């Protein structure tokens, strides 16, 4: 009788399929690892980076129509999107490479912050109505801690 789209295994894998040319590959790797670690700390879930098309969460940079019927829209506007837990395209996270990806300081959008938000979706979270929460549906650059009680409550409601 229990519902919520969620992963039914606790060790989730992820594959960085390609790379934006806006940042060094190591910096991109580290941004995604940091975004997963945000979630990992407060949940029984683990995240394992793999090199495999068969990862749970496939990560892809793309522009305009990129093969899922949810085209990106050029600069600004939509930044990224992610599908809820499930097989194949489900669980995957895509980033609009018509954006300038950075660490959010000076110019462009923080790849770390956007990815942390997308990974919330990829793990089954919807949007928050709390302006301060990571899952609030608007980008605000911050240097400080992104998680709010509401984000932690949401993920723990799903996974314990």
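Whichever C-alpha set is largest while still superposing within 1.5 Å between the two forms counts as the rigid core. Positions refer to the first chain, counted from 1.
After a core fit, the C-alpha atoms in 5 other deposited structures of this protein lie farther on average from the shown form in one of 97 to 105 and 34 to 42, namely 97 to 105. According to the PDB record, 1 to 9 carries the higher mean C-alpha B-factor of the two stretches 149 to 157 and 1 to 9. Relative to its counterpart among 40 to 48 and 113 to 121, 40 to 48 has the higher mean temperature factor, C-alpha atoms as listed in the PDB entry. You'll see in the entry that, of 70, 101, 95, 32, the Cα B factor peaks at 70. In this entry, the residue among 19, 15, 136, 141 with the greatest C-alpha B factor is 141. Among the modelled residues of its chain, residue 89 has a C-alpha B-factor that falls in the highest third according to the deposited record. Annotation for residue 63: CA B-factor lies in the highest third of the chain's modelled residues.
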